[PDB]
């Protein structure tokens, strides 16, 4: 089942409100045709260059950032083009990225909320219609709707009364979330 970690700073917030707020600060990195010419809006994989246990990206509008974790693969120019697929186990949201390929992998200087044990697996055959692709590309483009929908489905799988409209504290009372220090 899904496992959620959240800073106590967000206790009485619902999952939906947090994601809408984080997405508002992250914005859209404009990772679209003809607009990706360098590493300013590509993000990066660990180990990379196009496959890894982590994909991380910082906003070009603020210092908001996220890290997707699992067994991820990006097709780039091969068919189906520009598709992220594979297994997505976690999404960590926060502020300011650190790491790369030295002391280890990627991390967030301030990790606000994370969703783990997602259990998502999208085969390459699904192309951009796969859930993994929609979830991550949505985050890159300022539309966390796909992530919100998947989290909602995973919470309802635990109990039909849970939802992204539930406060993080209610999810902790349900045994699905765990509060971490204000900082």
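Residue numbers count along the first chain shown, from 1.
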property	result
Stretch with the higher entry mean CA B-factor, where the candidates are 99-107 and 81-89	99-107
Which of 147-155 and 35-43 has higher mean CA B factor, as the PDB entry lists it	35-43
Candidate residues 119, 48, 69, 130, the one whose C-alpha B factor the record puts highest	119
Third assignment of residue 4 from its chain's C-alpha B-factors	lowest
Residue 140 - which third its CA temperature factor falls in, relative to the rest of the chain	lowest
Residue 20 - Cα temperature factor, lowest/middle/highest third of chain	highest
Lowest, middle or highest third - CA B-factor, residue 56	lowest
For residue 114, the third of its chain into which the C-alpha B factor falls	lowest
